[PDB]
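In the block that follows, a single chain appears as structure tokens, in the form deposited in one PDB entry.
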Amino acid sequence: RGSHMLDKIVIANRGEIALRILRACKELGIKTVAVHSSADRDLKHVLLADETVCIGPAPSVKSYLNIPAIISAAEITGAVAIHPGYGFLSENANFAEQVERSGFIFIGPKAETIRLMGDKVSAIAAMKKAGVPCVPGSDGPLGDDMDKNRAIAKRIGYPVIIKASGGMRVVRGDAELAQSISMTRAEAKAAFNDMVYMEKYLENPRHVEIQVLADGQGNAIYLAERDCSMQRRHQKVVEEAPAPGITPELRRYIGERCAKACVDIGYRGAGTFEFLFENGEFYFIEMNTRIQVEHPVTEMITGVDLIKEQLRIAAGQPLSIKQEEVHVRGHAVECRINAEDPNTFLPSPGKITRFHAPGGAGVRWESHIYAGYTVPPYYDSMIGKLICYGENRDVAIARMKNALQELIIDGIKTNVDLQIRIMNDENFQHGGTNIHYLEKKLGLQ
């Protein structure tokens, strides 16, 4: 035992993220244990792992969410750590608590941190305390004294939105504040209760998120930001880094705030701070206490291997990277490739009859698919991620177009066509479109 302390690791996940993790492991000489459902015996990473363990039938609830089977998998193989990747049990405290209780290292933050940020009220509370900008509001249920309510809205700045404590109405001026509150009162009465609170209405915001790394020993750094505004039905479709328009100084401002937050909450490992960004102001929404799907975009513009850092941190090693050594270079754009139905956006199962991946400079392909592989119906629609890097934003986009053209995936329905359309969208090329843009372009409004 000694190529890395975490000499053998259980990859509690599937698809592209599991492969991504497997590779990071092989690089470090770490033995891999791929737990899988009976429907994923043909996953690329499973076929490449040192050991494979079936943890149950196709259904996620019976496999990838099966806590005892996953820990038993770690036990029978003498594994020492478990990487939950993203989704599934990655932000499930109970799982982390049992994993560690069984004597294994959970590659993620402390159980108490998952719970903290996992709760919206506790999270906001902690973020404000640490100095992270949050969504302005009445700080509690609104009374009937329209005078302070008008002052609250004023202080927060219109437009404001009235929300029911148990579930909403937009107010653009104090002239309609009173009526609006009463109107909202009624509905909720019904609708739900009578209590109502006020929040700042962020009408046309962008989705900007800050990547961080903390060793849980007092060291925390931020690795630039990512703009993940290209959304359809709240699902991310395109991601890029850095975020267009964000200056080095603003980046430094929001970055140091998140790093400080990590220190205050004793955060450990990789995490992400998602904010709504409008009129140059950041507003914290939530923090994902895990690795991000779109992490590659950050990896390519900073030259940092986020998965490997997660492993080193989980191995008790303090951060070896100082904030001043972190330099953003170039631009990276990510298109998510999904095997999805164009009318429901749901997974579109089937056999891939022909597959050809794009190649060339600045082209990264994260995917488990291969000619002959069949997309199962039990999980998500994501079959891969295509990330293109360039010395600047225009080069990255130009490369994504070229790469999307070389990409061949027959036998199943995909969104490749959609991606090409987005890369050719004049507004996207200009940069900085808000979270409502995509649904507009395609009329899902």
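The first residue of the shown sequence is 1; numbering continues from there.
Undergrad: In terms of residues present in the deposited sequence but not modelled, what lies between residue 192 and residue 193: none, 1 to 3, 4 to 9, or 10 or more?
TA: Unresolved stretch here: 1 to 3 residues.
Undergrad: When you step from residue 167 to residue 168 in this entry, do you jump over none, 1 to 3, 4 to 9, or 10 or more residues of the deposited sequence that have no coordinates?
TA: Going from residue 167 to residue 168, the model skips 4 to 9 residues of the deposited sequence.
Undergrad: Tell me which stretch, 391 to 399 or 49 to 57, has the higher mean Cα B-factor listed in the entry.
TA: It is 49 to 57.
Undergrad: Select between 139 to 147 and 305 to 313 the stretch whose C-alpha atoms have the higher average B-factor in the entry.
TA: So the stretch with the higher mean C-alpha B-factor is 139 to 147.
Undergrad: Out of 254, 76, 89, 124, which shows the largest CA B-factor listed in the entry?
TA: The listed residue with the largest C-alpha B-factor is 124.
Undergrad: Choose from 299, 209, 240, 176 the residue with the greatest Cα B-factor as stated in the PDB record.
TA: Comparing C-alpha B-factors across 299, 209, 240, 176, the maximum falls on 176.
Undergrad: Thinking about Cα B factors across the chain, which third does residue 376 belong to?
TA: For residue 376, the deposited C-alpha B-factor lands in the highest third.
Undergrad: Based on the deposited C-alpha B factors for this chain, I'd like to know if residue 365 is in the lowest, middle or highest third.
TA: Lowest third - that is where residue 365 ends up once the chain's C-alpha B-factors are sorted.
Undergrad: By the recorded C-alpha temperature factor, relative to the other modelled residues in its chain, which third is residue 120 in?
TA: Highest third of the chain for residue 120's C-alpha B-factor.
Undergrad: Using the B-factor values recorded in the entry, state whether the Cα atom of residue 106 falls in the lowest, middle or highest third among the modelled residues of its chain.
TA: Answer is lowest: the recorded C-alpha B-factor places it there.
Undergrad: Looking at the C-alpha B-factor of residue 334, is it in the lowest, middle or highest third of its chain?
TA: Answer is lowest: the recorded C-alpha B-factor places it there.
In what follows, reference is made to the form deposited with a small molecule bound, a form of this protein that is not presented.
Undergrad: Given a 4.5 Å cut-off on heavy atoms, tell me which of 139 to 147, 261 to 269, 231 to 239, 343 to 351 is the interface stretch with the small molecule in the entry with it bound.
TA: Looking at the partner contacts, the answer comes out as 231 to 239.
Undergrad: Heavy atom within 4.5 Å of the small molecule in the entry with it bound: which of 201, 95, 104, 222?
TA: Comparing distances to the small molecule in the entry with it bound, the residue within 4.5 Å is 201.
Undergrad: Of 185, 115, 207, 364, which residue is found within 4.5 angstroms of the small molecule in the entry with it bound when only non-hydrogen atoms are counted?
TA: Looking at 185, 115, 207, 364 one by one, just 207 meets the 4.5 Å heavy-atom criterion.
Undergrad: Could you tell me if residue 161 has a non-hydrogen atom within 4.5 Å of the small molecule in the entry with it bound?
TA: Contact with the small molecule, yes.
Undergrad: Do residue 152 and the small molecule come within 4.5 Å of each other in the entry with it bound, heavy atoms counted?
TA: Contact with the small molecule, no.
Undergrad: Is there a heavy atom of residue 126 no more than 4.5 Å from a heavy atom of the small molecule in the entry with it bound?
TA: Because no heavy atom of residue 126 falls inside 4.5 Å of the small molecule in the entry with it bound, the answer is no.
Undergrad: Residue-level contact is defined here as any heavy atom of the residue lying within 4.5 Å of the small molecule in the entry with it bound; does residue 76 satisfy this criterion?
TA: So residue 76 does not count as contacting the small molecule.
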